[PDB]
4 protein chains.
Amino acid sequence: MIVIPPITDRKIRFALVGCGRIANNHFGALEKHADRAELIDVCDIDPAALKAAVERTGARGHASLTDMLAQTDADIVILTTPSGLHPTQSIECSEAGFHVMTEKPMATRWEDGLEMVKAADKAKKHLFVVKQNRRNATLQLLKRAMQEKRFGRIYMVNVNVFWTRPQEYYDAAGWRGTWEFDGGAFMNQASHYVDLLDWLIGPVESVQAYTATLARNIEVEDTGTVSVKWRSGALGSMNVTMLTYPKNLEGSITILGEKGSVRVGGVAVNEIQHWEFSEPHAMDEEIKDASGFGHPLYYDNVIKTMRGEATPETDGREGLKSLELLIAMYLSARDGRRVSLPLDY
Amino acid sequence: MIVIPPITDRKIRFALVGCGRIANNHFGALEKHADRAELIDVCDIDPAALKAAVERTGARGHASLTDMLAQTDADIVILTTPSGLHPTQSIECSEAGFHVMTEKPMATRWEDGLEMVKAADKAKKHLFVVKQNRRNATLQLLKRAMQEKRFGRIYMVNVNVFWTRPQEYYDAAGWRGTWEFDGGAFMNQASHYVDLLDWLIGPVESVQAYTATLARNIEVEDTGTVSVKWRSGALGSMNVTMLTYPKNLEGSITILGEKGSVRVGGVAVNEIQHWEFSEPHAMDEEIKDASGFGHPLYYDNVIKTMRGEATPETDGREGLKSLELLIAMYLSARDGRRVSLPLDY
Amino acid sequence: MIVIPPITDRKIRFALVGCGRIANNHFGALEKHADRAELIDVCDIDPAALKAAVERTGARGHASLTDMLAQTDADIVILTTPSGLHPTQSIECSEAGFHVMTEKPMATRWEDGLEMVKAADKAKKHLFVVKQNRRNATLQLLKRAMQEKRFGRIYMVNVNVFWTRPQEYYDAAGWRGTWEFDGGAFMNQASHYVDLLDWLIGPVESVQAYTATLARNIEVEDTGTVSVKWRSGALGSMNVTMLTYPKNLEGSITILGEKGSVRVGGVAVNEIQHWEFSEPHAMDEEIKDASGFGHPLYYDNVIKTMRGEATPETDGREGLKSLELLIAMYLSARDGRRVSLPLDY
Amino acid sequence: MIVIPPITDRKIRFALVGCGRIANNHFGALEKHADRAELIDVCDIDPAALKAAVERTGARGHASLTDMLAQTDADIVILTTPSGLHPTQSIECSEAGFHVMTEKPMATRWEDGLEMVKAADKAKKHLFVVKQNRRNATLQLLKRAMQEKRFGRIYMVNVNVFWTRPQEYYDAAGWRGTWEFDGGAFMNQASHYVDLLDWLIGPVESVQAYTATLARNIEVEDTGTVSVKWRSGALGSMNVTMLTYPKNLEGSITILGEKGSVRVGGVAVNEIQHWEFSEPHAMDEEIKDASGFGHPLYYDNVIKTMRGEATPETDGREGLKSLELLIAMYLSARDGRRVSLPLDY
Ligand SMILES: NC(=O)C1=CN([C@@H]2O[C@H](COP(=O)(O)OP(=O)(O)OC[C@H]3O[C@@H](n4cnc5c(N)ncnc54)[C@H](O)[C@@H]3O)[C@@H](O)[C@H]2O)C=CC1
Ligand SMILES: NC(=O)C1=CN([C@@H]2O[C@H](COP(=O)(O)OP(=O)(O)OC[C@H]3O[C@@H](n4cnc5c(N)ncnc54)[C@H](O)[C@@H]3O)[C@@H](O)[C@H]2O)C=CC1
Ligand SMILES: NC(=O)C1=CN([C@@H]2O[C@H](COP(=O)(O)OP(=O)(O)OC[C@H]3O[C@@H](n4cnc5c(N)ncnc54)[C@H](O)[C@@H]3O)[C@@H](O)[C@H]2O)C=CC1
Ligand SMILES: NC(=O)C1=CN([C@@H]2O[C@H](COP(=O)(O)OP(=O)(O)OC[C@H]3O[C@@H](n4cnc5c(N)ncnc54)[C@H](O)[C@@H]3O)[C@@H](O)[C@H]2O)C=CC1
Ligand SMILES: CC(=O)N[C@H]1[C@@H](OP(=O)(O)OP(=O)(O)OC[C@H]2O[C@@H](n3ccc(=O)[nH]c3=O)[C@H](O)[C@@H]2O)O[C@H](C(=O)O)[C@@H](O)[C@@H]1O
Ligand SMILES: CC(=O)N[C@H]1[C@@H](OP(=O)(O)OP(=O)(O)OC[C@H]2O[C@@H](n3ccc(=O)[nH]c3=O)[C@H](O)[C@@H]2O)O[C@H](C(=O)O)[C@@H](O)[C@@H]1O
Ligand SMILES: CC(=O)N[C@H]1[C@@H](OP(=O)(O)OP(=O)(O)OC[C@H]2O[C@@H](n3ccc(=O)[nH]c3=O)[C@H](O)[C@@H]2O)O[C@H](C(=O)O)[C@@H](O)[C@@H]1O
Ligand SMILES: CC(=O)N[C@H]1[C@@H](OP(=O)(O)OP(=O)(O)OC[C@H]2O[C@@H](n3ccc(=O)[nH]c3=O)[C@H](O)[C@@H]2O)O[C@H](C(=O)O)[C@@H](O)[C@@H]1O
Ligand SMILES: [Cl-]
Ligand SMILES: [Cl-]
Ligand SMILES: [Cl-]
Ligand SMILES: [Cl-]
Ligand code: NA
Ligand code: NA
Ligand code: NA
Ligand code: NA
């Protein structure tokens, strides 16, 4: 990271590639931030999807990324393509001189994640990874409790993601449900919960995982469980399935330590259900209210970074922390063995 | 198992060894069943504990098991001694011609469990193992739902035992907190929940476990997590700690299958919290009411068995199913490897 | 094996324990051989099954094996009980001074098989294991071709047992479908085909196996496949399932060597389907006709042995050859690893 | 994959490198499709083989691939060279701006297969892999039955390739019978049957393999067997030998599921021998008739793709599915261990 000069007297310019489902949320976010930011170029290999985006946003349209990169003077290129394409696209963006914002997960394979970080490092350009859930109110209070050491020593952690994805979800596009482009219940659907393991609880020492495809016609897991050991000695598990009858049931985390016990549950870690500490704290009166956000807030940090006003909340190197866990869980489930971190020396 | 003749025209006679804490619950149970059963002999190596039992129950007292066995004409000898003594005591009882009822867990080491079953087999006498929680109302409804196949294919299971045991609990006696005589959070405190894994969900294929002593001054685990794979493909985890702040928090099970989702929680699997099936069933109207029992009910089955009126709900061979899981979890945690079942060919 | 004196001037005396399904075939066999042999004592722990046997055969009845052994002057005690009981019963017979004929498989666990052989050795009494299929006409021609070296070097072997067993088969009795008493598709249903691996092809070096319970509600496998390597370098596989739609389809073996190719198929290795050798042989004209037997013939060898006229076709030591393969296949499937022979040094 | 523009108003142009045995079948195929396609350039490092091709086809001749690539304006470059050369040649073609059609197998080493896909991806050009057997009538009906779910849950699969290749087959050229350029019984001779494992039955979880050179003077296997486990739980084996006495005997597949049992056999999966489903289907009346094709049909799809009329039936990414199985079988046979998929995270 060299010092990069702030961008001062114009809006920040965005280009976007992959005009599908979540691109809608990025369009909305950018619309909100229209005084500080504009979307000037969009790219999709499917003419209709590209048509809809160009008509909605007013941006110029392009049929390939390589062409858009030859033309755009965007500051940042946003990757909202299938997950397994993020690495090659990010590296091409970096090598052409652009900051990159990649949707999660940043890669589907470990060396691809590493290579996208190395390319951004060498270009002296930012790589932002979208982890928009971290700023949720419940997850912020948890993070604050952790930063203050309210739990003392952590002993036990349980994360559950009991959700529902029918066959028609995976059949919506060829990329979905594939190792190369998607990953399964852990790498795609529950990835914002995998993220909590290192971000809230701290460095992981090792994992032991089982995964399976118990019902869907896909090659990735629809169901999995992982035993986790933290370098602090804390132990825990994360359990996920997309096969829950008959709709989404639970997105929860329970954290138990020496001097505190918390559970945040609901369908999406959205309800503080248990909140008990050995000593009270100012933050405790926000607890009913804790129970925009998402992409719009994420974009405020990216904009501030470009203006010299802040630093990335989640850069490529931060993204590697949860990717390395996902890849250790996948190796452990594949080979039936404990896999320890870090993956590389 | 040869046919044994029913006992018809007298009360069933019990002797008991180990006049400590849970012996209180056996005394109460036997007092309840006083028309069908009597306690005629009690044994403890500690004079005071033995004194209290003899004065409460009226039974004759003995200072060693070997002496009591030379004297008593009990039908059944009840073992309420430290866990690691059950095997040698059971085998001595069997070899002297008595049916044995052992408190859980039946043994602390795998070959010791096997040997107590082999000795009872060779004597053609019963070995009952006390699993008094199975007849709890919540756990009975769950079992019934399982027997009816209400879930269809099971996908995902989570068991949590988040309880509290302070140092003074373990320091109460030398045997407690030791591998040889006790075992830890899984083998002692949460053993009635380990029991659910095979009894409710079915045959286990393998486990992967971590355990640790994170706070107590004992050699066994105070905290653990186990990843479980069932032969049906179902996956799950069980998470336990005795370090919960500041008192018992949760004893729960969640079961997710193709056509059903259930959670029974509370501090002791005592509250049906989620109960959703694809088709209704008669058993569904008992659900508020589900939310004596324990030892007294256990004793009714043991009495009925002795009278020819039933068969054991939980004999030594049934007890080996959860013991084999505990021993696989302990081997897996010790060696950091997946351990698959059955343990012996 | 000491020299045992022939039995000359009376019929050979049999006792039988376990008056169930295959005991019918032993009764028939003994009825056939009524001039050389008689059944004088029968034993079953179920009063009705014992009643039926006593009324059919005229033998005296007993309610326990231990009693029958105290009374009978049988030469041989026949074990037609659940498989997992054969070892303890055989050892008791041997230790009481009787020759034993055990139904297959001889044991369900390796050390139990070893112990029954050791006990018969120490008693200087025979242990016969029932492998009645070996004398089938098709299997005899195959064996003869092997003994003559008609194939030259063996290269490739495939055995398929594609059969059908519905849930009601396993539910018929508690012992069925259990590791301890039965074993699964390999150890029970297809055991006469496992037998061919060492008996026809020769010493096995190692196996690699997968097994699963894909549909039945039992703890043993309903489906399996094993990769086999012979010490000669020959390779092969055996594939079994009890889940075949909608009835028994195939019991076959294919053997390929340097100078010969054979397939014997049908539902039960009963049809010579392919029979091609580099040089013709006298045995080749029996080939249409090859395409009593069973228990009656087995009994002729047992009778002849007792009369000094022959030696056992299949004694306990011969039975250990296929048991050791089954146990290596079970260990390999359980642990996901190649298992090499012999099991013990 | 960018959108590539269709080729409309001329024939598609082909160039071919490696004017040996199977190039004959490509010449024939191209002759058939002479109104839509022409072969304009041929390449061989052996002057005579090149002479014969140029005189047969009328194409211009070249002595090196690098020269032909500098000259030809072919749309597609066809690789009919030794297998181990396909990757370097494909990558050179891609980097020079050509679509590539490679003969099977696409590579002999895993990273080489990956690299040829990566190079075609980066060039935005097609990589077709020749799997001409998939459109065989028998294999199409099987595929259709699979797509319709006629079997319900699959339980058991057996593939046998019992064929004959004498020493003179391998001695025909230096490349044959070598790991680097050929592979053995699985990667070369039976590769169209390995292909069925993922294409018909679905994603594979793991394999366990033995291979050997039992008779031929080559370094690759002439004989092998593989135990296979599918992610669905289905199990099976594939058995291959090139040592069959005295000529090709069997190319078969047997598939057993919940509600269907099929066997397609003959010398080359060319005879529907067993075809039994729980419910009839329109496709069932084609069954006698099922019992051009090959390269000519393959070429119709390649031509249609170039004309915008279809997409590849088998592109490089599709080719990686069977290559990854072959490489897992080779690693498993080499190291004597179960090898699980996918190979890369
Ligand atoms: N942050 C979050 O919470 C979420 C993130 N995502 C991530 O967003 C990405 C997109 O997911 P969706 O929008 O759901 O998928 P989608 O299938 O709806 O979007 C696919 C878009 O990319 C286009 N495309 C494919 N290849 C391309 C190429 N080479 N060049 C240009 N465009 C190409 C497709 O034509 C399509 O319009 C994935 O990485 C996913 O993990 C998705 C949902 C939630
Ligand atoms: N079913 C359930 O839910 C429960 C079962 N238990 C089981 O009951 C057993 C007893 O636990 P506690 O009553 O809590 O322990 P305790 O320490 O209160 O009881 C110990 C008794 O055994 C006596 N003793 C020790 N060695 C002896 C010997 N060689 N001969 C005769 N007496 C001897 C001690 O003097 C003492 O009175 C353990 O196996 C435990 O796992 C305990 C609590 C709950
Ligand atoms: N050679 C072959 O081809 C076959 C061999 N078998 C073998 O025969 C044995 C019996 O199988 P089935 O006759 O099918 O089973 P079964 O369940 O029909 O026979 C069970 C008999 O043993 C009795 N029994 C159980 N425990 C006993 C005890 N402790 N003492 C005395 N009797 C006892 C039961 O009451 C019952 O009558 C098994 O080992 C089986 O593997 C069975 C079928 C085929
Ligand atoms: N799809 C199918 O069913 C079949 C596919 N094949 C595949 O086709 C390929 C060729 O096999 P064959 O035609 O049987 O072999 P071959 O040995 O008959 O053909 C070899 C040709 O390539 C030439 N050659 C070697 N190195 C070269 C180079 N650097 N540049 C140019 N030419 C070179 C040789 O001189 C020779 O004419 C192999 O990959 C094989 O696996 C072969 C038979 C069947
Ligand atoms: C914040 C967060 O955790 N986000 C994750 C989350 O996103 P998002 O909230 O947008 O999903 P959304 O709830 O709309 O359901 C999506 C489909 O589910 C099906 N769906 C959903 C719920 C249900 O009960 N049943 C059901 O069929 C139905 O088909 C829906 O169309 O799911 C994304 C995904 O899976 O691709 C993950 O990638 C994200 O990490
Ligand atoms: C049915 C069931 O699951 N039984 C298990 C259960 O039994 P039982 O219910 O009798 O325990 P009980 O709740 O009385 O607390 C015991 C001590 O805990 C301490 N204790 C308890 C709760 C708490 O909040 N804090 C605390 O210190 C306090 O010191 C208590 O004296 O705990 C047993 C044990 O541990 O030996 C297990 O062996 C049993 O399997
Ligand atoms: C010689 C040989 O290989 N013997 C083996 C064989 O014996 P035996 O031939 O006597 O079986 P038998 O064919 O009568 O079917 C038995 C039941 O199958 C069910 N059965 C059978 C066939 C079928 O199509 N469908 C079916 O339901 C039906 O319920 C039948 O009642 O099966 C025995 C068994 O399994 O215990 C194995 O232990 C033996 O090794
Ligand atoms: C469709 C299919 O499965 N194709 C595979 C198949 O191709 P193709 O059908 O063209 O073989 P072909 O039957 O002509 O015999 C070839 C030689 O075998 C010898 N051969 C053959 C049969 C026999 O009985 N004896 C014999 O010596 C004789 O020397 C023959 O010259 O064999 C190819 C090969 O091996 O290189 C595999 O690469 C292909 O995957
Ligand atoms: Cl919740
Ligand atoms: Cl709760
Ligand atoms: Cl057949
Ligand atoms: Cl055939
Ligand atoms: Na898995
Ligand atoms: Na531990
Ligand atoms: Na298995
Ligand atoms: Na090999």
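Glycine also receives a Cβ, built like all others from the backbone with ideal geometry; neighbour counts cover every protein chain displayed. Numbers and lists here come from the model and the stated rules, or from a named source; no laboratory read-out is quoted.
For C:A234, all conditions in the list (1) more than 16 Å from ligand 11 (Cβ to nearest atom); (2) under 18 Å from the mean Cα position of the chain (by Cα) hold save one; what is the number of the exception?
Exception for C:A234: condition (2).
In this structure, does D:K321 turn out to be at the interface with another protein chain (Cβ under 10 Å from one of its Cβ atoms) and under 29 Å from D:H126 (Cα atoms)?
For D:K321, the condition - at the interface with another protein chain (Cβ under 10 Å from one of its Cβ atoms) and under 29 Å from D:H126 (Cα atoms) - is met.
With (1) of a type in the set (D, E, K, R); (2) crowded, with 21+ Cβ neighbours inside 10 Å; (3) farther than 30 Å from D:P203 by Cβ as the list, and A:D222 as the residue in question, which single condition is left unmet?
(3)
For C:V207, are the conditions met, namely being within 14 Å of chain D (Cβ to nearest Cβ), part of a loop (DSSP other than H, G, I, E, B) and among the β-branched types (V, I, T)?
Working: within 14 Å of chain D (Cβ to nearest Cβ): yes; part of a loop (DSSP other than H, G, I, E, B): no; among the β-branched types (V, I, T): yes.
No, not satisfied.
Read through the list (1) within 11 Å of chain A (Cβ to nearest Cβ); (2) buried (at least 17 other Cβ atoms within 10 Å of the Cβ); (3) closer than 29 Å to B:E219 by Cβ, then give the number of the only condition that B:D335 fails.
The single condition B:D335 does not satisfy is (2).
Away from ligand 9 (no atom under 16 Å from the Cβ) and farther than 25 Å from C:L343 by Cβ: does that describe C:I91? Can you show your working first?
Values: away from ligand 9 (no atom under 16 Å from the Cβ): yes; farther than 25 Å from C:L343 by Cβ: no.
When the stated conditions are applied, C:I91 does not pass them.
Which one of A:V226, A:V264, A:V240 is in contact with a helix residue (DSSP H, G or I) (Cβ under 6 Å, 6 or more places away or on another chain), in the same structural domain as A:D198 (by CATH) and within 16 Å of ligand 5 (Cβ to nearest atom)?
A:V264
For (1) exposed (fewer than 15 other Cβ atoms within 10 Å of the Cβ); (2) in the same structural domain as B:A328 (by CATH); (3) under 21 Å from B:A172 (Cα atoms); (4) in contact with a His (Cβ under 7 Å, 6 or more places away or on another chain), each residue gets a yes or a no:
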{"site": "B:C19", "(1), (2), (3), (4)": "no, no, yes, no"}
{"site": "B:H62", "(1), (2), (3), (4)": "no, no, no, no"}
{"site": "B:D73", "(1), (2), (3), (4)": "yes, no, no, no"}
{"site": "B:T81", "(1), (2), (3), (4)": "no, no, yes, no"}
{"site": "B:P105", "(1), (2), (3), (4)": "no, no, yes, no"}
{"site": "B:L114", "(1), (2), (3), (4)": "no, no, no, no"}
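Residue check: is B:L214 more than 16 Å from ligand 5 (Cβ to nearest atom), within 24 Å of the chain's Cα centre (by Cα) and surrounded by 20 or more Cβ atoms within 10 Å (Cβ to Cβ)?
Considered against the rule, which asks whether it is more than 16 Å from ligand 5 (Cβ to nearest atom), within 24 Å of the chain's Cα centre (by Cα) and surrounded by 20 or more Cβ atoms within 10 Å (Cβ to Cβ), B:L214 comes out as no.
Cβ-Cβ below 8 Å, separation at least six or inter-chain, first residue in segment C:142-167 and among the charged types (D, E, K, R), second part of a helix (DSSP H, G or I): which pairs?
Close Cβ pairs (under 8 Å, with a partner that is part of a helix (DSSP H, G or I)) amount to C:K143/C:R134; C:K143/C:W199; C:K143/C:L200; C:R144/C:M283; C:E148/C:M283.
Restricted to segment B:260-313, and to residues that are closer than 25 Å to B:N248 by Cβ and of a type in the set (V, I, T), which residue is surrounded by the fewest Cβ atoms within 10 Å (Cβ to Cβ)?
B:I287
Pick out the one residue from D:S261, D:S291, D:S278 that is more than 16 Å from ligand 16 (Cβ to nearest atom) and more than 8 Å from chain C (Cβ to nearest Cβ).
So the residue among D:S261, D:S291, D:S278 that is more than 16 Å from ligand 16 (Cβ to nearest atom) and more than 8 Å from chain C (Cβ to nearest Cβ) is D:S291.
Out of (1) more than 16 Å from the chain's Cα centre (by Cα); (2) over 30 Å from C:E95 (Cβ atoms); (3) surrounded by fewer than 19 Cβ atoms within 10 Å (Cβ to Cβ), what's the single condition that is false for C:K118?
Evaluating C:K118 over (1) more than 16 Å from the chain's Cα centre (by Cα); (2) over 30 Å from C:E95 (Cβ atoms); (3) surrounded by fewer than 19 Cβ atoms within 10 Å (Cβ to Cβ) leaves (2) as the failure.
Can you give me the number of residues within segment A:214-257 that are within 16 Å of ligand 14 (Cβ to nearest atom) and within 7 Å of chain B (Cβ to nearest Cβ)?
Of the residues in segment A:214-257, 6 are within 16 Å of ligand 14 (Cβ to nearest atom) and within 7 Å of chain B (Cβ to nearest Cβ).
Restricting to segment B:266-275, name every residue that is farther than 15 Å from B:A137 by Cβ and either away from every other protein chain (no Cβ under 14 Å) or of a type in the set (A, V, I, L, M, F, W, C) (or both).
Listed by number, the list holds a single entry, B:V267.
Among what's in segment A:186-204 and is of a type in the set (A, V, I, L, M) and within 14 Å of chain B (Cβ to nearest Cβ), pick the residue that is farthest from A:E318 (Cα to Cα).
Across segment A:186-204, the extreme among qualifying residues is A:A190.
Criterion first (more than 16 Å from ligand 7 (Cβ to nearest atom), within 14 Å of chain A (Cβ to nearest Cβ) and part of a loop (DSSP other than H, G, I, E, B)) does B:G183 satisfy it?
For B:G183, the condition - more than 16 Å from ligand 7 (Cβ to nearest atom), within 14 Å of chain A (Cβ to nearest Cβ) and part of a loop (DSSP other than H, G, I, E, B) - is not met.
Among (1) buried (at least 18 other Cβ atoms within 10 Å of the Cβ); (2) in a loop (DSSP other than H, G, I, E, B); (3) more than 14 Å from chain A (Cβ to nearest Cβ), where does B:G174 come up short?
Result: B:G174 passes all but (1).
Which residues, taken from segment B:83-103, are among the hydrophobic types (A, V, I, L, M, F, W, C) and under 22 Å from B:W175 (Cβ atoms)?
B:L85, B:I91, B:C93, B:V100, B:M101 - these are the residues of segment B:83-103 that are among the hydrophobic types (A, V, I, L, M, F, W, C) and under 22 Å from B:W175 (Cβ atoms).
Restrict the check to segment D:229-240 and report whether at least one residue is within 13 Å of ligand 8 (Cβ to nearest atom), on the phi < 0 side of the Ramachandran plot and touching a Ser or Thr at 6+ places or on another chain (Cβ under 9 Å).
Kept after step one, since they are within 13 Å of ligand 8 (Cβ to nearest atom), are these residues of segment D:229-240: D:240.
Filter once more, keeping what is on the phi < 0 side of the Ramachandran plot: D:240.
Those still in the list that are touching a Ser or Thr at 6+ places or on another chain (Cβ under 9 Å) too: D:240.
There is at least one residue in segment D:229-240 that is within 13 Å of ligand 8 (Cβ to nearest atom), on the phi < 0 side of the Ramachandran plot and touching a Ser or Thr at 6+ places or on another chain (Cβ under 9 Å).
Yes or no, residue by residue, for (1) touching a strand residue (DSSP E or B) at 6+ places or on another chain (Cβ under 7 Å); (2) within 29 Å of A:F181 (Cβ to Cβ):
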{"residue": "A:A212", "(1), (2)": "yes, yes"}
{"residue": "A:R216", "(1), (2)": "no, yes"}
{"residue": "A:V220", "(1), (2)": "no, yes"}
{"residue": "A:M238", "(1), (2)": "yes, yes"}
{"residue": "A:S261", "(1), (2)": "yes, no"}
{"residue": "A:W275", "(1), (2)": "yes, no"}
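So, A:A15, is that one surrounded by 18 or more Cβ atoms within 10 Å (Cβ to Cβ), aliphatic (A, V, I, L, M) and either within 16 Å of ligand 16 (Cβ to nearest atom) or not in a loop (DSSP other than H, G, I, E, B) (or both) or not?
Spelling it out, A:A15 is indeed surrounded by 18 or more Cβ atoms within 10 Å (Cβ to Cβ), aliphatic (A, V, I, L, M) and either within 16 Å of ligand 16 (Cβ to nearest atom) or not in a loop (DSSP other than H, G, I, E, B) (or both).
Determine whether D:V161 is outside any helix (DSSP H, G or I), touching a helix residue (DSSP H, G or I) at 6+ places or on another chain (Cβ under 6 Å), more than 16 Å from ligand 16 (Cβ to nearest atom) and within 30 Å of C:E221 (Cα to Cα).
Numbers: outside any helix (DSSP H, G or I): yes; touching a helix residue (DSSP H, G or I) at 6+ places or on another chain (Cβ under 6 Å): yes; more than 16 Å from ligand 16 (Cβ to nearest atom): yes; within 30 Å of C:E221 (Cα to Cα): yes.
In short, yes.
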